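A short worksheet on the structure shown next.
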Amino acid sequence: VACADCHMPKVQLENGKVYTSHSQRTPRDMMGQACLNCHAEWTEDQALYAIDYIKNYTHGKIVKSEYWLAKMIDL
Amino acid sequence: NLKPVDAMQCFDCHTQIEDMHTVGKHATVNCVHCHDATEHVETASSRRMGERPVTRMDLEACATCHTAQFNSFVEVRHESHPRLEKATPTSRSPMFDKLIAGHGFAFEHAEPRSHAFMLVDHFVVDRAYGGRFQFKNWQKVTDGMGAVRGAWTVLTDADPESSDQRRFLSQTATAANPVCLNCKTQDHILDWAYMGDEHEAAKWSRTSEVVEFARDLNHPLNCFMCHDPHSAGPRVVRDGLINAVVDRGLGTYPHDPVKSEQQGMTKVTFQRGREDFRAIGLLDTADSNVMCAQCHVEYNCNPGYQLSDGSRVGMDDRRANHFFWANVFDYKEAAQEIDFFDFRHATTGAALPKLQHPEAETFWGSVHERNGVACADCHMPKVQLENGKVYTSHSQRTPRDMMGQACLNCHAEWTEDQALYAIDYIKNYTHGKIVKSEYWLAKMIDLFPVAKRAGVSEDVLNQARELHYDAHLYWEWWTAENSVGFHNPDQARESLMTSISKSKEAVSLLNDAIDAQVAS
Amino acid sequence: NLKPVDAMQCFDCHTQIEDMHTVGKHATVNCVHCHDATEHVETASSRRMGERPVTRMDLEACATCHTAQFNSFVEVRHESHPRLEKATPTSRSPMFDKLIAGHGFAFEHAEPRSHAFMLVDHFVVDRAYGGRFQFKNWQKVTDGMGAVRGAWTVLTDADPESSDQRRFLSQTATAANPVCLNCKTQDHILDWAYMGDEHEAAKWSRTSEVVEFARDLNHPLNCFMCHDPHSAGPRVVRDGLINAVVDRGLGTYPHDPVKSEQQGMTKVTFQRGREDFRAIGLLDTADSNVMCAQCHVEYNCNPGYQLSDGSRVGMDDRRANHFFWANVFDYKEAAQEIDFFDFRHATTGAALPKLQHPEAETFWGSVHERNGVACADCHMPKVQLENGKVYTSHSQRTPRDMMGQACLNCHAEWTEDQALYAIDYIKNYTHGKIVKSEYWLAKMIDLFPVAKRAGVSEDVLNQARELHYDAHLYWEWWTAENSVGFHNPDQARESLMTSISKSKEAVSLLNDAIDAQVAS
Amino acid sequence: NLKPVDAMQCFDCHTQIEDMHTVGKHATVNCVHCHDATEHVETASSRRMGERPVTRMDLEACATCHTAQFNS
Ligand code: HEC
Ligand code: HEC
Ligand code: HEC
Ligand code: HEC
Ligand code: HEC
Ligand code: HEC
Ligand code: HEC
Ligand code: HEC
Ligand code: HEC
Ligand code: HEC
Ligand code: HEC
Ligand code: HEC
Ligand code: HEC
Ligand code: HEC
Ligand SMILES: [Ca+2]
Ligand SMILES: [Ca+2]
């Protein structure tokens, strides 16, 4: 998998010539084309939930890392 | 990957193309994008073609550099209900079968749908080819992109071994002929002489076997129908339109000599063996009124009969490919000027005209046309983008889908709901008068057998038949025309009241004549 | 609170039940859930019933352990418009009154609505009981749960003191008879002998007073119509269906001997006094095609006449409870094989068939049926849950409400809009041909009085009456059938073109005969 | 309106560009779409630039034939 698969996917058209979207943005805007095409077992809400589980966990460890850095700095 | 050819070499023999190509916005577009001419160049002389070069007529030849326009054109409007018969109580002409009896449209006449389907729909309608052609299955009816790639990628022929027009199912007709195809495709643009006249250099003509012609045709509404592929400038290619505007000197706007001069057409003729063969009409401006009038007009594209003596007018006659280029109140005079009618009514025996989608001729003289508004302003507007390169939408559809760009930009005083209400006021009023016109036509038609059987004279029946011509014309124009009055509401109102008047006159004539027979 | 009984004691006398109950998925479900048999056990012998045990037929007897299926079944689809007459310009058969004149359906024939209402709707329709039964007020029409609890909780009888069929309002009919109820309820399953034949052990039969029978019936579409309550296995209970498939050896799929063998039915007969009394059909597989064919078929459930001599065929005759089990092109032969027709047309005098909702017979041979798809795949699919125990929806409704589960799961190439467009292409085309078939039938019907009055011979009128039978059959099948062609579009197209052909033949015959009379 | 230039003349001095341009999917795209080299061609040799040709770096130089990609 590469950056483009999630951030600049092929456009899906009922009737049209396919081209590659150059709107290089979060897959949240185009989950059908940038996620769910590969993850048939998921709805959009489930895929978003999986993203948020990772971001919430990671952000919590960022905040804790900053708490300990700040404690050290202040010493 | 394409390899460019040396255009200078082509230009040595193709001066008309040189003069168009080197000046316009396709000056940098190499011939190889649309022609394979290697063996042609090896074998041609300055006056003889030699090996025929290949010319691409597929729309993908333009989509490579103009994807936005191609994609907007091919989009399917799913809200444009498909295969919806007009002769039903919930559509445009509830009493169509009684009124049109005698004509091939009785077999099927559906509402239009998106442009991608025009060639396939022409091939599969029940009135056209006796049911010979079908979609490969009922699923393929959705496939607009497939239809654009080619009709024969999505259709089947019930009998590839024969080429005659015949019925394959009982309730079908064989109304199609080669003239029809000129408003569905221009794949045959290099194979058809101007007007479909016989010509040594033409593979196809008005008298060809239409089933064989059909098999050679693939793409709907080629992009080059409105845009010259060499100069990229605005044009028309439809022979019948050029013939009306230029040959017959009627002008692009017959009711406005000044606008006709400002927004005019220049006929350009190409030869084969130094004999005129085909023509295009270059437009002074990018005037969608005249571009769309290549097809959205009343026309003849069929055999018929002479008003003078009733004799048959066949496909071989020039009149079988004809643009009347006349509004509803000038139409009777235009049909008399070519001595022509379409069919005899099955019940009344009246000589009658058959009217078809006269949007261009109806739009003339309307408030919008008089103020310089054109079809594209309401039906293919510029796209509005917060951040983007603007292009012209090619979706060609009702303004209901894009009211911001198609109406509200000019009508700042209105919300979308107000603008829709104004449209519906006109369509509701016009439709009410269409229904009333049909009620009176039907009442008149039903009196004909009663009058014949009561012994009413042929003189009185013929009087009623002359009234039928007018009652029919002044009604059918409006079931044929697709705006349900919107494009010219005052003219629709005047015409439909004329229809009703004519029918009422005929009802009174026949009722009195029947009563007099009975009393005697 | 329920107290279990000793089933071993029951099984001593009920070997058939033992063999079914102990083997299936209801082996642990105690008899007390559905039977109160205490006094029965005290008084019965091995061959004599003694006191009759009580058997619960209410759907709540199953809802206690199967709430999801019960709730999905009882849901009211409010988009299924209620009490919507089909003989109107905006519904299925704009010219129904002229075409059906002579038949009781002229009094009222509405579009179907949700299954919860089937028994109440049968009781209150204007054609059934002379207007005797009404909802308690006009508010109760919404109450699907109330109707399921029991018809008589939501309805009133205008005269509880009499039991005769008669008109209570002028424009009503008394078409109901006991056979009708077999497709509305099976509350009478232990009180009705197979086919409704006379039987010492049957309280009710084809010849019963239908008003008295009606008062004994409460619940729509009992859950056990498709599921044996003892084995929980798939079955049918409808006598007419078992008779066609098994007694007459036609098979579950008359056009496919192999599928009939793989997906077959086993008739199981229960006796009273060691004499055959009632029967069920156990299915080899959980085949909703055959489950739904208990009711969604063309049938006789009424008196009629013989084609041979015109004599009356009453409710006492076996033919008054009959599944033709024949597609539209085999139907005429199936009616001839029992020497039967329904009514004489009020205007033309033709012997005519009356067709009713033939969804099962139409579905045979269609692309979906041939590929092993069944009614439930489109009309009662499995539920899709992100996190949940899957069960089968019992909502029984148009796939428009659940396109993801009912179409798009199989048709990955389509969006919901594309799939809807494909449905509408077929329904629009088919409806157009229905309307045209009615136009031609009406034109033929209107010629009958003109021909009679002009002195046209009985020989010619009878010729036209024979054509009327076919013109009618090949049209009415499609206003009766609920998919507007979707279940078999090619067959609908062929049939409706046949209708039009037959009418046109009759119009030409009568018009010529009238003209010849006039000329003489 | 753009007027095409003689790319073969360019290639007499621009072999690296020739080997790239003639093989790929821009082989039919004339140099005038992105370069104004008139005075360059009049004054250059294979060893001396002469007048510096102009090279277009604007995205509109591509948006003309590739509007869908530009707009997205
Ligand atoms: C799908 C499997 C992905 C691939 C492959 C790449 N990225 Fe991604 N990226 C992904 C997600 C789910 C997110 C979070 C987006 C959200 O809305 O929560 C991201 C985030 C980015 C961002 C920040 C986007 C924003 O916040 O608006 C950038 C700049 C980004 N990713 C860049 C990027 C690059 C350069 C990649 C290839 C090396 C790449 N991503 C791969 C999902 C996916
Ligand atoms: C890298 C960050 C990119 C920039 C800047 C531009 N494009 Fe692009 N383009 C990119 C990728 C990853 C792809 C798909 C390649 C693949 O095959 O998977 C593309 C594709 C194109 C195409 C081909 C047709 C298509 O797939 O749409 C064209 C014509 C194209 N890109 C044009 C284009 C233009 C005009 C740009 C400036 C606005 C542009 N690209 C920027 C990556 C990158
Ligand atoms: C003179 C020796 C020629 C050269 C060099 C080229 N063409 Fe030609 N062409 C020539 C003749 C005499 C004709 C018949 C029409 C006429 O003008 O008299 C043609 C025809 C064409 C056509 C039309 C083919 C058709 O199907 O009708 C095309 C598309 C065409 N020629 C293209 C073309 C191209 C692209 C060339 C350079 C590669 C070229 N021709 C060279 C005479 C000569
Ligand atoms: C890329 C190699 C192209 C092919 C193939 C086609 N066209 Fe084109 N077109 C191209 C360019 C670079 C331009 C100029 C863009 C600009 O605005 O400077 C054009 C222009 C047009 C226009 C506008 C002409 C005008 O306003 O005067 C039209 C209507 C047009 N092109 C249509 C068109 C059609 C119908 C094609 C297939 C036959 C087609 N073009 C091919 C690039 C390319
Ligand atoms: C002949 C080649 C045509 C030209 C040029 C134009 N139109 Fe057309 N149009 C044509 C046909 C044969 C059809 C019906 C196609 C079918 O398969 O049924 C149409 C349809 C339309 C519609 C209705 C579209 C819908 O959503 O139902 C509209 C609004 C329309 N046409 C407008 C239109 C305009 C504004 C044109 C000039 C830009 C134009 N058309 C050109 C045939 C042809
Ligand atoms: C241009 C002057 C035309 C000729 C010649 C023919 N048609 Fe046409 N057609 C035309 C337009 C502008 C439209 C859309 C507007 C409308 O009112 O329909 C159409 C539409 C069709 C359709 C679809 C709708 C329908 O009638 O079922 C079919 C099947 C169709 N046209 C067939 C047809 C045949 C068989 C022709 C020769 C007899 C024919 N068309 C000529 C424009 C033009
Ligand atoms: C007539 C019915 C048309 C057909 C068929 C096609 N196009 Fe078109 N095009 C049309 C109009 C009325 C206009 C606008 C002219 C104006 O200046 O108001 C256009 C414009 C173009 C352009 C120019 C850029 C733009 O305005 O978007 C291009 C590049 C163009 N059209 C391309 C195009 C292609 C590729 C077509 C086949 C899919 C096509 N056009 C058909 C009218 C007509
Ligand atoms: C805005 C002032 C308009 C101009 C200029 C043209 N038309 Fe039109 N058209 C207009 C409206 C409001 C309607 C009714 C649409 C609705 O949804 O109620 C129409 C209708 C059509 C149709 C039928 C479209 C459909 O039913 O899907 C066609 C084929 C059509 N118009 C073609 C057309 C042509 C060829 C024009 C220039 C001659 C034209 N229209 C001008 C609004 C406007
Ligand atoms: C609880 C005491 C129950 C009552 C009352 C009814 N049923 Fe039942 N049923 C019950 C169980 C525990 C099971 C087995 C569940 C499992 O999957 O293991 C069932 C099963 C069914 C089935 C499925 C049978 C099969 O797939 O072979 C059906 C169709 C079924 N039950 C229907 C049904 C009906 C119609 C009832 C009322 C007459 C009914 N059940 C009562 C538990 C209970
Ligand atoms: C006889 C007991 C029936 C069986 C078994 C099935 N159906 Fe039925 N259905 C029946 C009636 C009498 C009615 C009309 C009820 C009323 O009060 O009007 C119906 C209705 C339907 C409908 C329409 C529902 C709506 O929303 O309008 C559908 C889609 C339907 N029926 C489908 C269906 C299927 C798929 C069955 C097998 C699982 C089935 N029905 C069984 C009578 C009976
Ligand atoms: C099974 C073979 C049936 C017999 C016997 C009867 N009906 Fe029926 N009915 C049946 C189905 C599958 C449906 C729904 C589909 C449809 O086309 O309606 C119905 C519907 C009704 C309705 C509601 C719709 C309507 O016609 O108004 C009523 C009022 C109704 N049925 C009454 C009725 C009477 C009076 C019957 C005996 C003469 C009768 N039905 C028999 C299935 C079956
Ligand atoms: C025939 C028209 C049916 C009636 C009446 C009822 N059900 Fe049903 N049921 C039906 C089918 C076609 C199926 C699926 C069979 C398959 O395997 O594909 C079912 C399934 C059940 C089950 C099993 C669990 C499940 O799949 O949901 C149960 C427990 C069940 N049905 C119960 C049930 C009840 C309680 C009913 C009255 C409200 C009921 N069914 C009616 C067909 C029919
Ligand atoms: C999917 C391939 C289907 C199968 C298998 C069956 N039917 Fe169907 N049915 C289908 C569609 C698309 C429609 C039209 C629905 C719409 O909203 O347009 C129908 C219609 C019905 C109806 C009428 C439903 C209504 O109008 O509310 C009935 C009563 C019905 N179908 C019954 C039915 C039966 C009994 C089937 C098995 C023999 C059956 N259908 C199969 C799609 C499908
Ligand atoms: C029209 C005159 C063009 C200009 C200016 C540019 N490009 Fe282009 N490009 C053009 C064509 C006709 C094609 C081939 C289309 C086909 O698929 O046959 C291309 C192709 C590309 C591609 C795809 C290349 C590949 O897949 O190998 C890309 C990425 C591309 N073009 C990008 C591009 C950029 C970045 C431009 C501005 C510097 C540009 N193109 C100009 C036509 C034209
Ligand atoms: Ca005409
Ligand atoms: Ca019947």
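See the values below:
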{"item": "Condition broken by D:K25, with the remaining ones in (1) more than 14 Å from chain B (Cβ to nearest Cβ); (2) on the phi < 0 side of the Ramachandran plot; (3) not β-branched (V, I, T) satisfied", "result": "(1)"}
{"item": "Filtered residues of segment A:38-75 (kept if of a type in the set (K, R) and more than 16 Å from the chain's Cα centre (by Cα))", "result": "A:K61, A:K64, A:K71"}
{"item": "Enumeration of residues in segment C:390-424 that are of a type in the set (A, V, I, L, M), under 23 Å from C:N289 (Cβ atoms) and within 14 Å of another protein chain (Cβ to nearest Cβ)", "result": "C:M403, C:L408, C:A419, C:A422, C:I423"}
{"item": "Only listed residue being more than 30 Å from B:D342 (Cα to Cα) and free of Cβ contacts under 8 Å to residues at least 40 places away in the same chain, chosen from B:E79, B:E42, B:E75, B:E85", "result": "B:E42"}
{"item": "Index of the failed condition, A:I51 passing every other in (1) part of a loop (DSSP other than H, G, I, E, B); (2) surrounded by 13 or more Cβ atoms within 10 Å (Cβ to Cβ); (3) more than 16 Å from ligand 5 (Cβ to nearest atom)", "result": "(1)"}
{"item": "Of residues in segment B:70-84 being assigned to a loop (DSSP other than H, G, I, E, B) and more than 7 Å from every other protein chain (Cβ to nearest Cβ), the one surrounded by the most Cβ atoms within 10 Å (Cβ to Cβ)", "result": "B:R77"}
{"item": "Hey, B:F105 farther than 30 Å from C:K504 by Cα and under 17 Å from the mean Cα position of the chain (by Cα) or not", "result": "no"}
{"item": "Residue check for B:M57: in a loop (DSSP other than H, G, I, E, B) and buried (at least 18 other Cβ atoms within 10 Å of the Cβ)", "result": "yes"}
{"item": "Residue among B:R397, B:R319, B:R344, B:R370 that alone is away from ligand 9 (no atom under 16 Å from the Cβ) and free of Cβ contacts under 8 Å to residues at least 12 places away in the same chain", "result": "B:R370"}
{"item": "Within segment A:23-48, tally of residues that are in a loop (DSSP other than H, G, I, E, B) and over 22 Å from D:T67 (Cβ atoms)", "result": "8"}
{"item": "Test: residue in segment B:373-380 that is within 17 Å of B:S72 (Cα to Cα), away from every other protein chain (no Cβ under 14 Å), touching a strand residue (DSSP E or B) at 6+ places or on another chain (Cβ under 7 Å) and assigned to a loop (DSSP other than H, G, I, E, B)", "result": "yes"}
{"item": "Of all residues making up segment C:500-520, the number that are within 29 Å of C:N428 (Cβ to Cβ) and at the interface with chain B (Cβ under 9 Å from one of its Cβ atoms)", "result": "3"}
{"item": "Single condition C:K389 does not satisfy, out of (1) crowded, with 17+ Cβ neighbours inside 10 Å; (2) charged (D, E, K, R); (3) free of Cβ contacts under 8 Å to residues at least 60 places away in the same chain", "result": "(1)"}
{"item": "Tally, over segment C:326-372, of residues that are away from every other protein chain (no Cβ under 14 Å) and either within 16 Å of ligand 12 (Cβ to nearest atom) or of a type outside the set (A, V, I, L, M) (or both)", "result": "32"}
{"item": "Residue, nearest to ligand 8 (Cβ to nearest atom), within segment C:304-313, restricted to residues that are farther than 18 Å from C:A334 by Cβ and part of a loop (DSSP other than H, G, I, E, B)", "result": "C:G310"}
{"item": "Extreme residue, farthest from ligand 4 (Cβ to nearest atom), among residues of segment D:1-22 that are in a loop (DSSP other than H, G, I, E, B) and within 14 Å of chain B (Cβ to nearest Cβ)", "result": "D:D6"}
{"item": "Qualifying positions in segment B:207-225 - outside any loop (DSSP other than H, G, I, E, B), in contact with an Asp or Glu (Cβ under 8 Å, 6 or more places away or on another chain) and aliphatic (A, V, I, L, M)", "result": "B:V211"}
{"item": "Test: B:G281 is at negative phi, buried (at least 20 other Cβ atoms within 10 Å of the Cβ) and more than 16 Å from ligand 14 (Cβ to nearest atom)", "result": "yes"}
{"item": "Residue under evaluation A:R28, criteria (1) exposed (fewer than 12 other Cβ atoms within 10 Å of the Cβ); (2) within 14 Å of the chain's Cα centre (by Cα), criterion not met", "result": "(1)"}
{"item": "Number of positions in segment B:1-24 that are closer than 23 Å to B:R272 by Cβ and part of a helix (DSSP H, G or I)", "result": "11"}
{"item": "Tally of residues being of a type in the set (G, A, S) and in contact (Cβ under 8 Å) with a residue 40 or more places away in the chain across segment B:1-39", "result": "1"}
{"item": "Candidate set: segment D:54-72, residues that are part of a loop (DSSP other than H, G, I, E, B) and of a type outside the set (S, T, N, Q); chosen: the one farthest from the other protein chains (Cβ to nearest Cβ)", "result": "D:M57"}
{"item": "Candidates C:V456, C:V484 - the one that is over 23 Å from C:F363 (Cα atoms) and either at the interface with another protein chain (Cβ under 10 Å from one of its Cβ atoms) or hydrophobic (A, V, I, L, M, F, W, C) (or both)", "result": "C:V456"}
{"item": "Residue tally, condition at the interface with chain D (Cβ under 9 Å from one of its Cβ atoms) and either touching a helix residue (DSSP H, G or I) at 6+ places or on another chain (Cβ under 7 Å) or outside any helix (DSSP H, G or I) (or both), over segment B:27-41", "result": "5"}
{"item": "Search result, residues across segment B:155-194 that are within 25 Å of B:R238 (Cβ to Cβ) and either of a type in the set (A, V, I, L, M, F, W, C) or within 14 Å of another protein chain (Cβ to nearest Cβ) (or both)", "result": "B:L155, B:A173, B:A175, B:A176, B:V179, B:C180, B:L181, B:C183, B:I189, B:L190, B:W192, B:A193"}
{"item": "Residues of segment B:391-429 that turn out to be part of a helix (DSSP H, G or I) and either within 16 Å of ligand 16 (Cβ to nearest atom) or of a type in the set (V, I, T) (or both), as a count", "result": "2"}
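Condition check ((1) touching a helix residue (DSSP H, G or I) at 6+ places or on another chain (Cβ under 6 Å); (2) surrounded by fewer than 20 Cβ atoms within 10 Å (Cβ to Cβ)) across all residues:
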position	(1), (2)
C:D121	no, no
C:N137	no, yes
C:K140	no, yes
C:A147	yes, no
C:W152	no, yes
C:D157	no, yes
C:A176	yes, no
C:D187	no, no
C:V210	yes, no
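As a convention, Cβ positions derive from the backbone with ideal geometry for all residues, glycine included, and neighbour counts pool all protein chains shown. Values quoted throughout were computed directly from the atomic coordinates according to the rules given, and no laboratory measurement underlies them.
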